[PDB]
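Q: This one's a deposited entry, sequence included:
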Amino acid sequence: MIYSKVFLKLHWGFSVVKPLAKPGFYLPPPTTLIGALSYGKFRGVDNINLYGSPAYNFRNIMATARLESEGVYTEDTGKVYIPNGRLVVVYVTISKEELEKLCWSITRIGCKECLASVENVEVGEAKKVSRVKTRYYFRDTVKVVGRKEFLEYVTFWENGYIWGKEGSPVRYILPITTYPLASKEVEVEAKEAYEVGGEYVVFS
Amino acid sequence: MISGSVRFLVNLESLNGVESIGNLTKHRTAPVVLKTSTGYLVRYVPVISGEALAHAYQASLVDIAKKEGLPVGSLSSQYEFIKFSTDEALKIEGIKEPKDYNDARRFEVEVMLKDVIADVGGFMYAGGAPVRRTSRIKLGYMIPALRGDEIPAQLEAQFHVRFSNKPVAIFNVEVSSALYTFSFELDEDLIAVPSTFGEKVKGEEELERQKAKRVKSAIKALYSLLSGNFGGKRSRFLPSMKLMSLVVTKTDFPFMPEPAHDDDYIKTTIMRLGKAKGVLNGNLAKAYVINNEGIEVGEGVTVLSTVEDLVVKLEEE
Amino acid sequence: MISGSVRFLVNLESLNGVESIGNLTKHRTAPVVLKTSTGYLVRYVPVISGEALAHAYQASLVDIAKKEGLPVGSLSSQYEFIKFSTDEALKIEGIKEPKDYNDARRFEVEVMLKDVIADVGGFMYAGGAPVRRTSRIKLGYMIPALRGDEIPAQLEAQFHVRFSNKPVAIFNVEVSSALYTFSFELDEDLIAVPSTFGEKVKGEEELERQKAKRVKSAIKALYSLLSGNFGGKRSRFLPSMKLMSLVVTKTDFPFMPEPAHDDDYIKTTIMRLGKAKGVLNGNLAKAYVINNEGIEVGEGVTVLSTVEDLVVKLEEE
Amino acid sequence: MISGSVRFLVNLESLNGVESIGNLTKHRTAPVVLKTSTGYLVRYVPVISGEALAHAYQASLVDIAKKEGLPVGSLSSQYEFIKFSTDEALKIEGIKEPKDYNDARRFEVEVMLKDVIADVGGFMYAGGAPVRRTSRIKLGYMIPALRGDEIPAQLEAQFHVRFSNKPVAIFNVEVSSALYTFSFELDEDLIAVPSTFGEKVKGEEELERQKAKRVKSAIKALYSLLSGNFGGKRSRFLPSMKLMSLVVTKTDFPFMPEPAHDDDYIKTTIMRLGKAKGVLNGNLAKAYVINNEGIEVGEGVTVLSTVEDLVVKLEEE
Amino acid sequence: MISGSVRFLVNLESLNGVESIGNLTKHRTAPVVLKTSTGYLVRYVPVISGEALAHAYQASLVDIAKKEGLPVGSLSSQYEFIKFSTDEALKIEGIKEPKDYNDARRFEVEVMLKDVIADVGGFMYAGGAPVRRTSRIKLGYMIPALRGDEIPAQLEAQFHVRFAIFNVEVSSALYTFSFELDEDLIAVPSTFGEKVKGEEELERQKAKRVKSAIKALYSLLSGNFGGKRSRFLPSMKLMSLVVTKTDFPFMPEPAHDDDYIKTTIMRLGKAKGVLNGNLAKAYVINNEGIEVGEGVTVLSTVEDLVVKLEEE
Amino acid sequence: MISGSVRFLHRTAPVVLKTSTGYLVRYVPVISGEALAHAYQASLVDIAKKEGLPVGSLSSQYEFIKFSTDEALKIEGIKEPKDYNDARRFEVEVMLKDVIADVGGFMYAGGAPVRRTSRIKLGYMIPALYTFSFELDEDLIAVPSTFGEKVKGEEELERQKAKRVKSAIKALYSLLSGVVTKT
RNA sequence: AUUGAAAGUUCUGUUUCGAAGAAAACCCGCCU
DNA sequence: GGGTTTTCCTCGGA
């Protein structure tokens, strides 16, 4: 499994709005992360017959991200403010050319006003291991060490790209401090996890 | 496409108000955390939303298109950007709702031939057969630049009185002064191109003829935004805006320059533009820089003076 | 539209007041963000609101309209600019309230047929059918020039007492000196023209006949602002005012002149005006300059000597 | 209206005082913003408030009114200008308080029928039905001329002691020298005319009969200000005063003469007066000039020699 | 009222002193703003305060009052013009303090019945019931004439030793000054109130008080006011003098310019016309041969002026 | 009051002189009046010694420090004053021994300062040929200038008043040698 | 092309009217 | 040897 790492800047922040009062999500779901990658190849088409969103075929690109600064949550329509901050994204899955060419062209993470940016990337080969230290968020059934104090429970969606259809409800644990927003590390003893560039990743 | 990042300086302004309490009208602010040796400090800084910028840009485009002889919707000429969203707007305008999915394209082009703003601005009609369209200009929030260890922004209240001869007349207004920066993108290559997949429908040749004029008008509409013709309360509170720095990249591949929140954002964006061009096999990459605060630039750029030359060079290429 | 920027030098003035504490009367102050060689700083400077400027302009317009023969409202003959905002004002003047949206236009026409102030300076009525009319003259706060590193302004307090024969009477007044700068905009192409969309209503012929007189009166009313009779506390604190620099542009397209913060804001404005006329396909663009401080202006620009000549030239053209 | 500007040369004067510290009596000082070839600077100069000028004018008006035969209030015969402000003053004079808004006119008429000072210099009553009357004479601070790069003013302190035969008595007094300039305005078209809106009230016939006498007294009272008997500390610090330049304009329309900061403020004022009469459709505009320092004046302007001639000419016309 | 302006020529004088530094005694100096053909300038010139003039005038008034027979206070017989300012002075003289505002008038009358100086030169008492009386004679600083472009004044220092070393500042100047004296309020209370017993004596003595006040001006017009007179006797002489007697307020022109007599006369006539006056007379003493005018009384000495002022 | 003016036929001082053209500032040689005062007092001592008028011990030699410093009082044996009331006594206690302190004045600074201004007044010499003026108060010789209760010793001063005024009149001959009015 | 697509909280308004830090006071008494 | 003494420190309409 090849992989690519990328560093990102954000001009003002991301403002993904919860579906179903307009609360907002603390950290963007992977659906936005894969749509930002699909933007590179599917520019110009806002609707293609599957009708639904054009990024209905990029559902096998499993990848994650995490923050590397301090941010705030605001409601004035839930939003997250982290101007001039950093965001690291790890793509782990098509050949290296696809990832390294779609990844250098990443724009507009989230809403149209939630402009994003790409700083630098790198490429390599990943390795699979099953006690590792990670930072990126993961699913709910993943097991954590004896201490549990800095975890938030969030609801996310899987097969919901088709408009007019409801996304699947899945719980996902983000190791996050609610106020102020930051990321905290957690050793994991699970069955399915991946190591990438020293920074270990946990999946299930 | 075209991308840009701009740094402004505004004093004594009230350009975005919020819900009023009592006799006081309040400004819009956002929380930011500043790092200190002792710890962290949470502060509130005045901001300007992007909806006002979008409204100003759309109004300027409406005026330019009307002056240049292009179709404009009946409800759009009245500075009411409701757009062809509900059934009543179509009933007023005189457009038939889409029949099914396969004919959806037929609808879209028709809407594109009655209202130019329904193309650059983009529309979203709801109903049993929804149709989608994305704005061809993307704008971000106008926020102060978090530079160094201090925030150069403020917010005070002002007390105003109405005079009368038979007293039986007091209000308060919030005023601010900050250092605003914001960035934008414009994808001119997708102008007049239908965005619904399917077979071609008769009526695209006129769009081919009108592509040049529509692109020219869309580029011209940037002058209003870059000259400071947005916001509210301008009748009595007229702000004193000024331009400090600006970087604009003309490319042929997706790209976004770095934000102007650091004291050096021109050199780094040049370096990453070169790297991105090398990676993505790019043949078109030009940089336009306006500098008034005397920050470092680098090499490989064209030095401009004002905003008009920027629009001229954007139109030419 | 007629736009302009202007500088003033004011010494020993108390023209705008705020709530007093104890026996001290306070002068209005506001924050400003200023750029120095060491970065960006936040300072506090005395300011003058634009409400007083608007009030003085409207009072002069009332006087000129009554002298010429244009209609003036009952509550406007007395200098109380409540206009047609509350039900009491309509009851006093004698105009029925709008019934619904379709009637709103008629109401506006009637309001324009009785008071020139509600036509030029705009008005607002809140109720079942709200009616809005934006002012055709736009002003802003009067701010000391943010030039260089040192702000040329100062504020202090002064001691006063009242004489008596049986002591049984002491107060303090804030006094400021500054180099104020401000800009204004006046669109004369919409005077005596309804801004509410609808159908033709009887009585617009009189408005069309009187449009020239209304435009002339609106242009003449600017002499009060350009001469300097706006501030209060004029009985015992008569300010010493003089003119330093003034630029006025008459155009057929939107345009905003450079603020008077920097010493070089006339030549930049002229170059921007020429380039904007080229860009926007304009047909008329004229500039007038009054200079007394001996700064650079440029070439091929009309130069005046006083303000009355400017008023005459604006009226004639 | 009668407007004017005037210059004075005062040497070795202490005419306005502030709170003293220790054994030092302080002369009033204020900041000024002055323009030099190197830019703009802030300086500190001695100043004289306009309250003393108003007090001297009102005292001279009391004297002239008593000599002629015009009514003078009880508390105004004694030189205590509290006027009809507090309840004690009304109780002493013997005038009932206003009941409501409708009665205010009556109150004003009665106050104008007993004291000339409350008619010319204006008055204020605060209470359930506040009554205001703006002064018909307007004055300002007496400021040294801000001409060139060097201010022609100076301030120091002087040492004084009291003799005694059995020592067991030392003080310091601030003394200043300056070239003062100031301007004044007096509208004689509203003397003995109520400023409160309402209905006709019995007793106005006497006001109409006495209007000529009141106007004559008000015009004559300006001799005290134009001669220079206003300041305090006159027993042992008799100032040395002389006249340098004076311009007076009598018009039927509002007009403000140029301040006396620059050497060329007479010719500019005359040209501005002519152009303003042309612009505003006036019917009367006359200028009088008294010159002793040999500066440029112009042509076709009446020239005088003393101040009494000016007073006589103002009375006759 | 009797107003006037006068010029003096003083040479080799040290009449007013300030705090000394080291072994140097300093002459008082002050700044002046003067107009030249090149604009306006600021200069420093020696000056003499008006406090010495007032002290000399009051001392001469004490002498004349004692000679004539008018009452003089205990602390005023000795030349210490503290007047009735502090509690010690009242205790020495023997006058009770005012109780409240209503009694103040009585107090003033009593103060006017014992000391002529507190009546003519005014007085001030600070306390529970402060009492004020402005002086009826007004004076000012003695300033060299600000004429032309060059100030006719000079100041230097001189060396002296004892047979022990010191330095003394000496100045020469052409001094000018003006004065005003309202004789219509002498021996008339200035405090508002009701009639108080004892005013009949004031009415009887009003003529004598006015005569003494007029005669007291001889000290100022002759030039016996300054200190350091034992070894630095100034050389003084008269150059020009104008005196106006009127029934209305009027201020004569200062002696800065050579033409200040004819201007004063014309202004006096026009002001009499404007203000509806009834009496206006002018007296001129001229020795420097400047323009005066026509139809103006000319004198020769100062005693004649004093006599004429007394008689009329 | 004896007064008058005298005419006769290097330190320099300024003068403000008057000419037909107007006013001028010039520099001329001058002589201070303290020298004339010293000469006059020396001649007064010389004349007084010719009669029974007392002459101070320190003033016997031509050194006119009078009684300014405590050293002169100690060498002449006169007690310092105790309070203000004693002042007059001190005054006569120094008028009964020297005629110079009486005529030309004197002082003593301290806890109880004592002052006596000069009865003779003089000034600088300015060329016209030099001209100058003087002033002599003939009415206040041997008259105690201090105010207070009478103290013993005034009778001797009343007796010697005629001789003292005669000496004061005579002593001007020194300055006269190198117009007079009397009341 | 992402619960993404479409959206100005905008319009109208003087902190205004009025009131002296004022009265009393020597750097002056001898020095080559 | 003296290097300052009192007297008042905002009244109202929204």
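A: Here it is on my side, so go on. Numbering: from 1, shown residues only, chains lettered A, B, ... in the order given.
Q: can you map out the helices along the chain?
A: In the absence of a named chain, this looks at chain A. In chain A, the segments counted as helices under DSSP state H are A:30-38, A:96-103.
Q: actually it's chain F I care about, not the one you picked
A: F:33-49, F:57-60, F:70-76, F:87-95, F:100-104, F:154-170, F:173-177.
Q: Residue F:125: which of the ones you listed is closest?
A: helix F:33-49 (7.7 Å; CB to CB). (C-beta placed from N, C-alpha, C; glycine too.)
Q: Restrict that closest one to CA atoms and write it as PDB.
A: Taking C-alpha atoms only, helix F:33-49 is exported to PDB below (Å, rounded to 0.1, in the frame of the first residue of the first chain):
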ATOM      1  CA  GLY F  33      28.100 106.300  43.300                       C
ATOM      2  CA  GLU F  34      29.500 104.000  46.000                       C
ATOM      3  CA  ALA F  35      32.900 105.800  45.700                       C
ATOM      4  CA  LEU F  36      31.200 109.100  46.300                       C
ATOM      5  CA  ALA F  37      29.400 107.600  49.300                       C
ATOM      6  CA  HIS F  38      32.700 106.400  50.700                       C
ATOM      7  CA  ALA F  39      34.300 109.800  50.200                       C
ATOM      8  CA  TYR F  40      31.400 111.600  51.700                       C
ATOM      9  CA  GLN F  41      31.400 109.300  54.800                       C
ATOM     10  CA  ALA F  42      35.100 109.700  55.200                       C
ATOM     11  CA  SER F  43      34.800 113.500  55.200                       C
ATOM     12  CA  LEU F  44      31.900 113.200  57.600                       C
ATOM     13  CA  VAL F  45      34.100 111.200  60.000                       C
ATOM     14  CA  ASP F  46      36.900 113.800  59.600                       C
ATOM     15  CA  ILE F  47      34.500 116.700  60.400                       C
ATOM     16  CA  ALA F  48      32.800 114.900  63.300                       C
ATOM     17  CA  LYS F  49      36.100 114.200  64.900                       C
END
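Q: How about the contacts made by residue B:90?
A: Taking CB atoms under 8 Å, 6 or more residues apart in numbering or on different chains, we find residue B:90 in contact with B:84, B:96, B:97, B:125.
Q: how about the strand or helix carrying it: buried residues?
A: Taking DSSP states H and E as the definition, residue B:90 sits inside helix B:87-93. Buried residues in helix B:87-93, counted by 16 or more other CB atoms under 10 Å in any protein chain shown: B:89, B:90, B:93.
Q: Spit out the contact partners of the residue of chain A found nearest chain C.
A: Distances between chain A and chain C by CB to the nearest CB are smallest at residue A:84, namely 16.1 Å. Counting by CB under 8 Å, 6+ apart, residue A:84 touches A:9, A:10, A:11, B:146, B:259, B:261, B:262.
Q: cutoff 6 Å now
A: Counting by CB atoms under 6 Å, 6 or more residues apart in numbering or on different chains, residue A:84 touches B:146, B:261.
Q: Spatially central residue for chain F, please.
A: Against the mean C-alpha coordinate of chain F, by CA atoms, centre = their mean, the closest residue is residue F:104 at 1.9 Å.
Q: where does the stretch 1-150 of chain B come near chain A, residue by residue?
A: When proximity is defined as CB under 6 Å from any CB of the partner chain, the stretch 1-150 of chain B approaches chain A at B:30, B:31, B:33, B:50, B:101, B:132, B:134, B:138, B:140, B:141, B:143, B:146.
Q: Now intersect those with the strands, please.
A: Among these, the members falling in strands (DSSP state E) are B:30, B:31, B:33, B:138, B:143.
Q: closest to RNA strand G among these?
A: Proximity to RNA strand G was ranked across those by CB to the nearest atom of the strand; first place goes to residue B:138, at 7.0 Å.
Q: so does stretch F:59-72 get close to DNA strand H?
A: No. Judged by CB under 7 Å from any atom of the strand, stretch F:59-72 stays clear of DNA strand H, getting no closer than 13.5 Å.
Q: Tell me where chain B has strands.
A: B:2-13, B:24-25, B:29-35, B:40-46, B:137-139, B:143-144, B:154-161, B:170-178, B:180-186, B:240-251, B:285-291, B:302-303.
Q: ok, the third one: who's next to it in the sheet?
A: Same thing as strand B:29-35. strand B:40-46 (antiparallel) (DSSP bridges).
Q: just the angle between the strand it pairs with and strand B:2-13, please?
A: 90 degrees (axes from the mean of the first three to the mean of the last three CA atoms, to 10 degrees).
Q: contact partners of strand B:40-46?
A: B:27, B:29-34, B:144, B:151, B:153, B:155, B:176, B:178.
Q: hmm, back to that, which of the buried residues of helix B:87-93 lies closest to residue F:27?
A: Out of those, the member with the shortest distance to residue F:27 (by CB to CB) is residue B:89, at 102.4 Å.
Q: Give me the distance between residue F:91 and residue F:155.
A: 15 Å (CB to CB, to the nearest Å).
Q: Where do the helices of chain B begin and end?
A: Under DSSP H, chain B gives helices at B:50-68, B:87-93, B:104-114, B:117-120, B:205-220, B:222-227, B:266-280, B:307-316.
Q: Could you count how many residues lie near residue F:171?
A: By other CB atoms under 10 Å in any protein chain shown, the residues close to residue F:171 number 23.
Q: ok, for the residue in the stretch 51-200 of chain B positioned nearest to chain E, nearest residue in space, not its chain neighbours?
A: Nearest residue of the stretch 51-200 of chain B to chain E: residue B:167, at 37.5 Å (CB to the nearest CB). Among residues not flanking residue B:167 along the chain, residue D:130 sits closest, at 7.3 Å (CB to CB, 6 or more residues apart in numbering or on different chains).
Q: All set now, cheers.
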